[PDB]
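What follows is a single chain, given as structure tokens, in the form deposited without ligand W9J.
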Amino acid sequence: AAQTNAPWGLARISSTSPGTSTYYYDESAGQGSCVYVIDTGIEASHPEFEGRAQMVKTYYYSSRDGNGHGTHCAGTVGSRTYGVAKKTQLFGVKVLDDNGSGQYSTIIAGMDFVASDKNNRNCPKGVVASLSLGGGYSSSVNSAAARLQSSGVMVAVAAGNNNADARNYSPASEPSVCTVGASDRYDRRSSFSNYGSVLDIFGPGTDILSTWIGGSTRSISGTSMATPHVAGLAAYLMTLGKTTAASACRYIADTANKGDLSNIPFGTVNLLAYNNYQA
């Protein structure tokens, strides 16, 4: 299937070269898979979700996304126009307040919730968790991420926007999950993107158009943008039966576009998420 004039990020992950504008993907589109977006929540009523999105858990007074960050990421995962896996089921877990803030204990609680909750859902093709958040290193946060991944959920996390080594950040520094770096439309590492040996892969993260609250849309940047591209791609590949939750990150790295990125520090992988679609 093909989406013409698609956001540059979608086009990029379905091409071996930059500069294209069509997003090629298999019609299955992640149907049968589920993706938990652990963020500020999701405006589930947004037309772009077609009813495929719903809040399942909040750690605050409301389950409503009063920020927009979570709705933006969820849209990149599976909104009809801005998403990678256009048919996947989205579940929102509000672990961040409407200012985009959250305490480590709440974030950890959110991760354990998903590990257990996935057992109450019907996701025959597999479960993914997208975590576009992070802070300073913490062995407890890293550990919570490792548990979620271990329970059978494909965990994708943002590398961070400090233009530094992601070793000092969590859950970015947990080796067992999928740490996502950010790239721009000209195949350059995003200027704010963290790097380092712990990164597993890069995804489009600069000037990403997606859904926003109030039923709108807007373009923003960050490794938080990149992470849902990979979470969505994983759900897409799992639905296709190409990989499983335990090996998705590795499969994505093996089949990525190699050496296409510039301004990648020595010691950091030069790999860009790619769906390898062939019609």
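The first residue of the shown sequence is 1; numbering continues from there.
Beyond what is shown, the protein has a form solved in complex with ligand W9J; the following relates to that form.
Contact between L209 and ligand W9J in the entry with it bound is found at the 4.5 Å heavy atom cutoff. Though the partner is left out of this view, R185 does reach within 4.5 Å of ligand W9J in the entry with it bound, counting heavy atoms only.
Looking at 1-19, the residues that come within 4.5 Å of ligand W9J in the entry with it bound, counting any heavy atom, are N5, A6, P7, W8.
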